[PDB]
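Enquirer: Encoded as structure tokens, here's the structure I'll be asking about.
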Amino acid sequence: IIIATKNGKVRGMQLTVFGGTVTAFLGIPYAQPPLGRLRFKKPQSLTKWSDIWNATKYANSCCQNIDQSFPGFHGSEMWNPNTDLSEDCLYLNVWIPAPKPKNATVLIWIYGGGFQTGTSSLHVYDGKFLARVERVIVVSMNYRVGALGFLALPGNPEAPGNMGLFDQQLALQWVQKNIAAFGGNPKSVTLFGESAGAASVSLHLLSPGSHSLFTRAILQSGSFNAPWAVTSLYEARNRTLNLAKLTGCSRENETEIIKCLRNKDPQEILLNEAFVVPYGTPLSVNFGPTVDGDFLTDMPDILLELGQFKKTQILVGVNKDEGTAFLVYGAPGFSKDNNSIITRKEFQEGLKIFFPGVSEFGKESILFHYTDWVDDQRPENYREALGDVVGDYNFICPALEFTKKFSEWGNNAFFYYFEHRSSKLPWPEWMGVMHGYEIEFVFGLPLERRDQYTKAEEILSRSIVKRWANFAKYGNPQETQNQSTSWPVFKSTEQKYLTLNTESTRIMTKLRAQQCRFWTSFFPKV
Ligand SMILES: *[C@@H]1O[C@H](CO[C@@H]2O[C@@H](C)[C@@H](O)[C@@H](O)[C@@H]2O)[C@@H](O[C@@H]2O[C@H](CO)[C@@H](O)[C@H](O)[C@H]2NC(C)=O)[C@H](O)[C@H]1NC(C)=O
Ligand SMILES: *[C@@H]1O[C@H](CO[C@@H]2O[C@@H](C)[C@@H](O)[C@@H](O)[C@@H]2O)[C@@H](O)[C@H](O)[C@H]1NC(C)=O
Ligand SMILES: *[C@@H]1O[C@H](CO[C@@H]2O[C@@H](C)[C@@H](O)[C@@H](O)[C@@H]2O)[C@@H](O)[C@H](O)[C@H]1NC(C)=O
Ligand SMILES: CN(CCc1c[nH]c2ccccc12)CCC1CCCCCC1
Ligand SMILES: CC(=O)N[C@H]1[C@H]([C@H](O)[C@H](O)CO)O[C@@](O)(C(=O)O)C[C@@H]1O
Ligand SMILES: *[C@@H]1O[C@H](CO)[C@@H](O)[C@H](O)[C@H]1NC(C)=O
Ligand SMILES: *[C@@H]1O[C@H](CO)[C@@H](O)[C@H](O)[C@H]1NC(C)=O
Ligand SMILES: *[C@@H]1O[C@H](CO)[C@@H](O)[C@H](O)[C@H]1NC(C)=O
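Heads up, the sequence shown is in the deposited numbering, so the first residue is 4 and it goes up one at a time.
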């Protein structure tokens, strides 16, 4: 199977999925490799080729530091890259139904990873099941991460910032120009992503250069207003200059600093990335999105508040235990290999780990609001409070606030609370419904019965896949055939949301109301 694109012919490959066929095009380039003098610059358009490009294997993943905290442990290593790292990584993937559809809705995945890690080739992002089951086209792209994707000397085109977001954008542009050749509908494109990918999707809603490149948006466990998602111009410059000092590249002319960093091996860049901040946390985003005056024309909180974003439907949600995964990356007393019953003193020390630049009063105010116990004698009280602190502050309250503010300008929004812990989850049970572990359900891995998920998880994934596909196709995440709970729109008054679990799917109101009033109204003042 050969498809003529606007830059040349590409060859795909046939997959057998659930007794049917999916055509996969893996590793289509969508930009000039950003190498040599193109490192740190915006992605450049692609010169045509005359041969047949063989898109039959996942391409290189972008340079990035690896999670080496639990060698040999699938719970962490399933997120590490599974193809060679290379600066030559600006490639994308396309899964199309077989037989070739006529005007199929398109789903574009943007992976997360704190804007420092990630790759589209991960097993849990395999789009062949979505294409097979729902006859949508799935596209995913690699984009630059870390300093190579987000280094910023604001205003300087040698390193303007937001390059990895512009990589994402050029890929959406590729889908606009080429996807009809694959049987896709460029007028029916839904972006979806998780964590930093979700924050990325939310910034595409704010960026005027992305408004004509997609229809709708899905935001899984993330949004730009999360406290880790946007770097200020002060810190971005301080971090670029710290990286220059760490590499021997300090110069007076800012452009000569970039030229010096262009001659450094990617490994020297990657090795010094962690130290550009003084106080890291397990959630540090050393190099990430900034207000560059190009992709982002103003501080995104201002754009959100004043209604300056794409008017369309959104689907947004969070997981029950967003915060727990980060506790075993530094909080004292915590371990994935025991039950992590921590004391009050260990709790207080954990706040210092997760809020290092925050005043004593600010840390006490966290302790005061989260340690008013239903039972003082419950031994896991402090262990659970710290997970909820990290989860509510970093993910759940920003997602709820994004959805509130977004829906106030008249658009339909749908909010979910994912509370199913995967039966295959390799992390311990005290970490619950972890950050990142709805993705496999969204992508339909539990539909593969050979893979030891329960039957109840097959059913849950099947229903989630249908709702996601109906949202992309029709702007409405219902499952209309199997007497399913109707998913109501989220309004800023009543704030209804839908719970996703294997027992009973429920309509609830005002998620984490007391906790989020603390984080959204009081804590930003400290
Ligand atoms: C749970 O484990 C943590 C982590 O300790 C490590 O992992 C264990 C599973 C075991 O292999 C230990 O030998 C390892 O050191 C424990 O936290 C440590 O506690 C000791 C004494 O309390 C202290 O000296 C260390 O600094 C702690 N490690 C930290 C803070 O990272 C914790 O006590 C264990 N909790 C339970 C309930 O078993
Ligand atoms: C591109 O691929 C052509 C055909 O490859 C066919 O499919 C792959 C997956 C292998 O199974 C191969 O044995 C098949 O014949 C090649 O003929 C051609 O040389 C390739 N082009 C380049 C530039 O590598
Ligand atoms: C800004 O930068 C100052 C210098 O940072 C120091 O040197 C670099 C190379 C790193 O190793 C870093 O860890 C060092 O602390 C800092 O002193 C300062 O705190 C930074 N931040 C702010 C807000 O000023
Ligand atoms: C050390 N961890 C760095 C990643 C990171 C840095 N900064 C962020 C900001 C938001 C979300 C994630 C990050 C990796 C955390 C992952 C989380 C996914 C589930 C279990 C595996 C462990
Ligand atoms: C150090 C270590 O590997 N410990 C134990 C692991 C992990 O604690 C969990 O899988 C969560 O990471 O779990 C086991 O009990 C299990 O699941 O059979 C085996 C093993 O003794
Ligand atoms: C695909 O659908 C759009 C409307 O969503 C329509 O304008 C376009 O002509 C269609 N293309 C086909 C059917 O090839
Ligand atoms: C910095 O170097 C660049 C590269 O030649 C040059 O164009 C620019 O004018 C220099 N800036 C200053 C202030 O000298
Ligand atoms: C609806 O129910 C049938 C069984 O009656 C099941 O096979 C099918 O997968 C369900 N569809 C969805 C979209 O959940």
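C-beta: ideal position from N, C-alpha, C; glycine also.
Tell me whether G336, by its Cβ, gets closer than 7 Å to a heavy atom of ligand 1.
Expert: The residue you call residue 336 lines up with position 333 of the sequence shown. Yes, ligand 1 has a heavy atom inside 7 Å of this Cβ.
Enquirer: Cutting at 8 Å between CB atoms, please list the residues of its own chain near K314, excluding the five before and the five after it.
Expert: Position 311 of the sequence shown, counted from the start, is the residue given in the question as residue 314. The residues are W412, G413 and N414.
Enquirer: Can you tell me where the beta strand (DSSP E) with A155 in it begins and where it stops?
Expert: The residue you call residue 155 lines up with position 152 of the sequence shown. Per DSSP, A155 belongs to no beta strand (DSSP E) and is neither H nor E.
Enquirer: When the Cβ atoms of the region 140-152 are set against those of the region 50-69, are three or more pairs found closer than 8 Å?
Expert: Contact holds: three or more Cβ-Cβ distances are below 8 Å.
Enquirer: Once DSSP output is grouped into helix, strand and coil, what is the label at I344?
Expert: Residue 344 sits at position 341 when you count from the first residue of the sequence shown. Looking at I344 - three-state DSSP - the assignment turns out to be coil, as it is neither helix nor strand.
Enquirer: Excluding five sequence neighbours on each side, which residues of the same chain lie with their C-beta closer than 7 Å to the C-beta of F444?
Expert: Your numbering for residue 444 matches position 441 in the sequence shown. Hits under 7 Å: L463, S464 and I467.
Enquirer: Please go through the same chain and pick out, in chain order, the residues whose beta-carbon is closer than 7 Å to the beta-carbon of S489, but skip the five residues on each side of it.
Expert: In the sequence shown, the residue the question calls residue 489 occupies position 486. The answer, listed in chain order, is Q481.
Enquirer: Do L154 and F43 have their C-beta atoms closer together than 8 Å?
Expert: Within the sequence shown, numbered from 1, the residue matching residue 154 stands at position 151. Within the sequence shown, numbered from 1, the residue matching residue 43 stands at position 40. A contact, by the Cβ cut-off of 8 Å.
Enquirer: Please name the residue in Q35, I6, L448 and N10 whose C-alpha comes closest to that of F28.
Expert: For the purposes of this step, residue 28 is identified with residue 25 of the sequence shown, where counting begins at 1. When only C-alpha atoms are compared, the closest one is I6.
Enquirer: Which same chain residues, not among the five before or five after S79, have their C-beta less than 7 Å away from its C-beta?
Expert: By one-based count along the sequence shown, residue 79 stands at place 76. If we look at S79 and ignore the five residues flanking it on each side, its Cβ neighbours are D70, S72 and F73.
Enquirer: Can you list, in chain order, the residues of its chain with a C-beta nearer than 6 Å to that of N485? Leave out the 5 residues immediately preceding and following it.
Expert: If you number the sequence shown from 1, residue 485 lands on position 482. Closer than 6 Å at the Cβ level, and outside the excluded window around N485, lies no residue.
Enquirer: Could you pull out every residue in the same chain whose Cβ sits closer than 6 Å to the Cβ of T234, ignoring the five residues on either side in sequence?
Expert: Along the sequence shown, one-based indexing puts residue 234 at 231. Excluding sequence neighbours, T234 sits near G291 and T293.
Enquirer: Could you say which of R347, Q119, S425 and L249 lies nearest to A388 if we only look at CA atoms?
Expert: Residue mapping note: residue 388 aligns to position 385 of the sequence shown, counting from 1. Of the candidates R347, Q119, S425 and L249, the one whose C-alpha sits nearest the C-alpha of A388 is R347.
Enquirer: Check whether the region 336-344 touches the region 395-413, counting contact only when three or more Cβ pairs, one atom from each stretch, lie closer than 8 Å.
Expert: Touching, no, given that fewer than three Cβ pairs across the two stretches are closer than 8 Å.
Enquirer: Using a 10 Å radius around the Cβ and a threshold of 16 neighbouring Cβ atoms, would you call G158 buried or exposed?
Expert: Looking up residue 158 in the sequence shown gives position 155. Exposed, by the Cβ-count rule.
Enquirer: Is it buried or exposed, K131, if we count other Cβ atoms within 10 angstroms and call 16 or more buried?
Expert: By 1-based counting over the sequence shown, the position of residue 131 is 128. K131 comes out buried.
Enquirer: Within 8 Å, do at least three Cβ pairs link the region 170-181 to the region 30-50?
Expert: Verdict: yes, contact present.
Enquirer: Take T284 and list the residues in its own chain whose beta-carbon comes closer than 7 Å to its own, dropping the five residues that flank it on each side.
Expert: Mapped onto the sequence shown, residue 284 falls at position 281. Closer than 7 Å at Cβ, skipping near neighbours: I356, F357 and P359.
Enquirer: Measure the CB-CB distance between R14 and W56 and report whether it falls below 8 Å.
Expert: The sequence position of residue 14 within the sequence shown is 11, counting from 1. The sequence position of residue 56 within the sequence shown is 53, counting from 1. Result yes, Cβ atoms of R14 and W56 sit closer than 8 Å.
Enquirer: Taking 7 Å as the cut-off, is the beta-carbon of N473 closer than that to any non-hydrogen atom of ligand 6?
Expert: Stepping through the sequence shown from its first residue, residue 473 is reached at position 470. Not so, every heavy atom of ligand 6 lies at least 7 Å from the Cβ.
Enquirer: Hey, is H77 close to ligand 4, as in C-beta under 7 Å from one of its heavy atoms?
Expert: By one-based count along the sequence shown, residue 77 stands at place 74. Checking every heavy atom of ligand 4 against the Cβ of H77, none is found closer than 7 Å.
Enquirer: Taking 7 Å as the cut-off, is the beta-carbon of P100 closer than that to any non-hydrogen atom of ligand 5?
Expert: Counted from its first residue, the sequence shown places residue 100 at position 97. No.
Enquirer: In the DSSP assignment, find the unbroken alpha helix (DSSP H) run with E137 in it and report its ends.
Expert: Position 134 of the sequence shown, counted from the start, is the residue given in the question as residue 137. That run of the alpha helix (DSSP H) goes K131 to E137.
Enquirer: For the pair the region 82-99 and the region 244-263, tell me if three or more CB-CB distances fall below 8 Å.
Expert: Not touching, per the Cβ criterion.
Enquirer: For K267 and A201, I'd like the C-alpha separation in whole angstroms.
Expert: Within the sequence shown, the letter at position 264 stands for residue 267. Within the sequence shown, the letter at position 198 stands for residue 201. Spanning the two alpha carbons is a distance of roughly 31 Å.
Enquirer: How about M144 and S124: are their beta carbons less than 8 Å apart?
Expert: Taking the sequence shown and counting its residues from 1, the one referred to as residue 144 is at position 141. Taking the sequence shown and counting its residues from 1, the one referred to as residue 124 is at position 121. No.
Enquirer: Closest to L354 by C-alpha separation, out of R470, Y456 and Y385, would be which residue?
Expert: Translated into positions along the sequence shown, residue 354 becomes position 351. It is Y385 whose Cα lies nearest to the Cα of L354.
Enquirer: Check this for me: beta carbons of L209 and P269, under 8 Å apart or not?
Expert: For the purposes of this step, residue 209 is taken as the residue at position 206 of the sequence shown. For the purposes of this step, residue 269 is taken as the residue at position 266 of the sequence shown. Cβ atoms of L209 and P269: not closer than 8 Å.
Enquirer: Tell me whether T457 is buried or exposed, calling it buried when 16 or more other Cβ atoms sit within 10 Å of its Cβ.
Expert: Against the sequence shown, residue 457 aligns to sequence position 454. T457 should be labelled exposed.
Enquirer: Counting by C-beta, which residues lie closer than 5 Å to a heavy atom of ligand 8, in chain order?
Expert: Listed by chain position, these are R465, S466, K469 and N485.
Enquirer: Between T243 and ligand 2, is the CB less than 7 Å from at least one heavy atom?
Expert: Within the sequence shown, residue 243 is the residue found at index 240, counting from 1. Not under cutoff, so the answer is no.
Enquirer: Which of the three DSSP states, helix, strand or coil, is assigned to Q517?
Expert: Working through the sequence shown from its first residue, we reach residue 517 at position 514. In this structure, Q517 counts as helix in the three-state DSSP scheme.
Enquirer: Alpha carbon to alpha carbon, how far is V392 from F364? Give it in angstroms, no decimals.
Expert: Residue 364 sits at position 361 when you count from the first residue of the sequence shown. Residue 392 sits at position 389 when you count from the first residue of the sequence shown. Rounded to the nearest angstrom, the two C-alpha atoms are 16 Å apart.
Enquirer: Measuring from the CB of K190, is there a heavy atom of ligand 6 at a distance below 7 Å?
Expert: Mapped onto the sequence shown, residue 190 falls at position 187. Within the cutoff, so yes.
Enquirer: With distances taken Cα to Cα, identify the nearest neighbour of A328 among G11, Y440, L273 and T24.
Expert: Within the sequence shown, the letter at position 325 stands for residue 328. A328 has its Cα closest to that of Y440, out of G11, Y440, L273 and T24.
Enquirer: In the DSSP assignment, find the alpha helix (DSSP H) that holds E238 and state where it starts and stops.
Expert: Here residue 238 corresponds to residue number 235 of the sequence shown, with the count starting at 1. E238 -> alpha helix (DSSP H) spans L236 to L249.
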